[PDB]
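Participant: Going by this note's numbering, the sequence shown opens with residue 1, and the numbers climb by one from there. We put the CB at the ideal spot given by N, CA and C, even for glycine. Below you will find the structure I want to go over with you.
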Amino acid sequence: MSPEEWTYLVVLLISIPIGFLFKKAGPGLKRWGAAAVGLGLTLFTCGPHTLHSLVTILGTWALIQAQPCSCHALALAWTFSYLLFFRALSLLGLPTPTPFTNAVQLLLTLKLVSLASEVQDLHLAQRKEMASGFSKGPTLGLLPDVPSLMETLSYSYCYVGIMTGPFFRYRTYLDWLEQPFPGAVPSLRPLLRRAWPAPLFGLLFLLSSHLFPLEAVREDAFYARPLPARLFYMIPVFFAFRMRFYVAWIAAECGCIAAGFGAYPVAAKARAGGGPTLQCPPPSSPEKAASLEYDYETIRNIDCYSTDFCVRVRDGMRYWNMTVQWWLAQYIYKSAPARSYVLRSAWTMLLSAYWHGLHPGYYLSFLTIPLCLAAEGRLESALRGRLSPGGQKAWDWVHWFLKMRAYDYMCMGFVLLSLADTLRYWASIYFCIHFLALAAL
């Protein structure tokens with residue numbers, strides 16, 4: 001229980017009542033108050049290192065006006081290079097940043113890249129508009145006009161999704177500020193419907209944290225235990241990892257609901273992170289708005305049930321970090337210069353690892369993932385069509401066990417974060433999953 005993550009948790013907790021208070025606020029007042037609160041918390045928890053974020057936003061805006069025709073790739077390359085610059089402060093002797101600053105930088109990178117893509121699409125839209133001579137109607141998902149510098153500053157430093165997230169597109173911010181009759185959309189009932197497992201999840205996390213500490217594998221004497229002891233110990237590590245991320249993300253989603261952010265009509269058939277996909281009429285009367293049913297799935301970042309009890313590794317990863325996953329899938333997977341599915345997936349994995357960090361553990365884990373992914377694709381597409389329904393049930397059960405074991409196996413490599421200890425523990429288990437993965441493939 002580090003002091004920094006303690007401050008992280010208390011910030012996540014206090015994000016809720018401020019959400020309640022700013023729900024009732026009018027559009028301009030809510031906008032300015034959210035920006036001020038985000039900036040204040042950023043200064044409180046980041047110190048003098050907010051200059052990196054400020055420079056990043058200023059550069060994004062300057063590139064938007066400088067090259068509106070090609071702001072997408074320019075902004076993406078600039079932001080990735082500036083991430084490289086920011087993570088090499090020790091290499092250049094500049095003061096080291098707190099992990100708070102690193103997380104804030106990841107979130108800002110995602111947000112600004114999405115904003116640049118929206119500006120690119122909108123500019124191409126106007127260009128085609130006066131090229132064709134037929135002004136089309138307002139299309140859902142497109143920005144009304146180019147944002148101003150102060151508007152971008154207010155959007156970026158929103159207290160929602162500034163420390164943990166989850167990522168939201170700018171269009172979502174505009175729909176949140178322009179949402180009519182804020183008192184009509186329900187907040188307390190969905191907040192209770194999502195916050196019921198948070199205390200239990202937290203207690204479960206602390207249980208596995210105290211019983212089986214992660215630092216044991218750093219100690220050499222742990223390896224003297226028999227291989228079965230390691231096989232039983234390798235489960236609670238990812239149990240605690242998943243449980244802690246579940247607690248944090250459930251708390252973040254509840255805090256985001258508290259402000260009514262991401263609320264859309266159910267008839268819009270909105271997607272996780274993607275916002276609405278079908279246009280719906282804005283409410284005309286507060287009673288009509290209260291009559292409609294509302295969902296907060298756009299901000300939904302994790303599905304506990306699906307990820308915990310999935311069958312295939314592909315779907316398990318799909319339901320993991322749905323927001324950022326959609327962000328990657330659109331801005332990188334679609335724009336990947338490669339054509340092969342394997343190579344495009346490798347590009348996405350490499351960029352995700354680069355986003356997470358420069359430490360070799362991320363690289364090793366996200367490079368080992370494709371092996372089991374391809375092995376699974378081949379084995380499933382080759383054998384699932386041959387088994388009986390009882391054989392199908394047995395395959396599904398054994399597969400759930402194997403998939404959770406693979407998640408554990410790669411979780412150790414992800415969380416040790418050090419090449420030497422990771423390799424030592426990986427050889428300590430005799431590369432069990434890797435050999436089976438090659439056997440499966």
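Would the region 406-426 and the region 377-391 be scored as touching if the rule is three or more Cβ pairs under 8 Å?
Facilitator: No, the region 406-426 is not in contact with the region 377-391.
Participant: Return the first residue and the last residue of the alpha helix (DSSP H) that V37 is part of.
Facilitator: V37 -> alpha helix (DSSP H) spans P27 to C46.
Participant: The alpha helix (DSSP H) that contains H210, what's its start and end?
Facilitator: Here the alpha helix (DSSP H) through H210 covers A198 to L211.
Participant: Throw me the rounded Cβ distance for the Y173 and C158 pair, which I believe falls under 8 Å.
Facilitator: Right, the Cβ-Cβ distance comes to about 7 Å (below 8 Å), so this counts as a contact.
Participant: By Cβ distance below 7 Å, which residues in the same chain neighbour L140 in space, the five residues on each side in sequence not counted?
Facilitator: Result list for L140: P276 and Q279, in chain order.
Participant: Looking only at DSSP bridge pairs, what is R271 linked to?
Facilitator: Answer by DSSP bridge pairing, in chain order: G275.
Participant: Mapping DSSP to helix, strand and coil, what is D145?
Facilitator: Looking at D145 - three-state DSSP - the assignment turns out to be coil, as it is neither helix nor strand.
Participant: Please classify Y341: is it buried, with 16 or more other beta-carbons within 10 angstroms of its beta-carbon, or exposed?
Facilitator: Exposed, by the Cβ-count rule.
Participant: Using alpha carbons as the reference points, say which of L343, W397, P282 and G165 lies closest to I302.
Facilitator: If we check each option's Cα against that of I302, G165 comes out closest.
Participant: Taking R193 and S428 to be in contact with their CB atoms under 8 Å, please state how far apart those CB atoms are, rounded to whole angstroms.
Facilitator: The pair is not a contact, with the Cβ atoms about 43 Å apart (cut-off 8 Å).
Participant: Would you be able to state if there are at least three C-beta pairs under 8 Å between the region 186-203 and the region 236-256?
Facilitator: The answer is yes - the region 186-203 touches the region 236-256, with three or more Cβ pairs under 8 Å.
Participant: Is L115 buried or exposed, if buried means 16 or more other CB atoms sit within 10 Å of its CB?
Facilitator: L115 is buried by the Cβ-count criterion.
Participant: In whole angstroms, give me the CA-to-CA distance for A290 and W395.
Facilitator: Straight-line Cα distance between these residues: approximately 46 Å.
Participant: Just reading off the alpha helix (DSSP H) that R312 is part of, what are its end residues?
Facilitator: Counting along the chain, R312 falls outside any alpha helix (DSSP H), and DSSP gives it neither H nor E.
Participant: Give me, in chain order, the residues of the same chain whose beta-carbon lies closer than 7 Å to that of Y233; leave out the 5 immediate sequence neighbours on both sides.
Facilitator: Taken in chain order, the residues that qualify are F212.
Participant: What are the start and end residues of the alpha helix (DSSP H) that includes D175?
Facilitator: Unbroken alpha helix (DSSP H) run through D175: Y170 to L177.
Participant: Quick one: give me the first and last residue of the alpha helix (DSSP H) that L351 is part of.
Facilitator: It spans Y341 to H356 - the alpha helix (DSSP H) in which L351 sits, taken as one unbroken run.
Participant: To the nearest angstrom, how far is it from the Cα of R225 to the Cα of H359?
Facilitator: If I take the Cα positions, the gap works out to 29 Å.
Participant: Per DSSP, which residues does residue 457 bridge with? Please list them.
Facilitator: No statement about residue 457 is possible, as the shown extent of the chain runs from 1 to 441 and does not include it.
Participant: Which value, in whole angstroms, describes the spacing of the CA atoms of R424 and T368?
Facilitator: If I take the Cα positions, the gap works out to 16 Å.
Participant: For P265, does the three-state DSSP call read helix, strand or coil?
Facilitator: Strand, per DSSP.
Participant: In the DSSP assignment, what residue or residues form a beta bridge with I302?
Facilitator: Looking at the DSSP assignment, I302 forms a beta bridge with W320.
Participant: Classify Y296 as helix, strand or coil using the three-state DSSP reduction.
Facilitator: In the structure shown, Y296 sits in coil (DSSP, three-state: anything other than H, G, I, E or B).
Participant: Give every residue of the same chain whose Cβ lies closer than 6 Å to the Cβ of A353, excluding the five residues on either side of it in the sequence, and list them in chain order.
Facilitator: Around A353: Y362, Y363 and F366.
Participant: If we ignore side chains and look at the alpha-carbon of each, how far apart do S2 and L9 end up?
Facilitator: Cα to Cα, the separation comes out at about 11 Å.
Participant: Roughly how many whole angstroms lie between the Cα atoms of residue 444 and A35?
Facilitator: Only positions 1 to 441 of the chain appear in this structure, which leaves residue 444 out of reach.
Participant: Could you compute how far the alpha carbon of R218 sits from the alpha carbon of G93?
Facilitator: Their Cα atoms are separated by approximately 29 Å.
Participant: My parser needs the alpha helix (DSSP H) runs of 4 or more residues fully inside the region 353-387; what are they?
Facilitator: Runs of the alpha helix (DSSP H) inside the region 353-387: 360-383.
Participant: In angstroms, rounded to a whole number, what distance separates the CA positions of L107 and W355?
Facilitator: So the alpha carbons of these two residues sit roughly 10 Å apart.
Participant: Does the Cβ of residue 442 have 16 or more other Cβ atoms within 10 Å, making it buried, or fewer, making it exposed?
Facilitator: The structure shown does not extend to residue 442, since the chain is modelled only from 1 to 441, so the question has no answer here.
Participant: Return the chain-ordered list of same chain residues with a C-beta closer than 7 Å to the C-beta of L177, the five sequence neighbours on each side being excluded.
Facilitator: Around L177: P27, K30 and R31.
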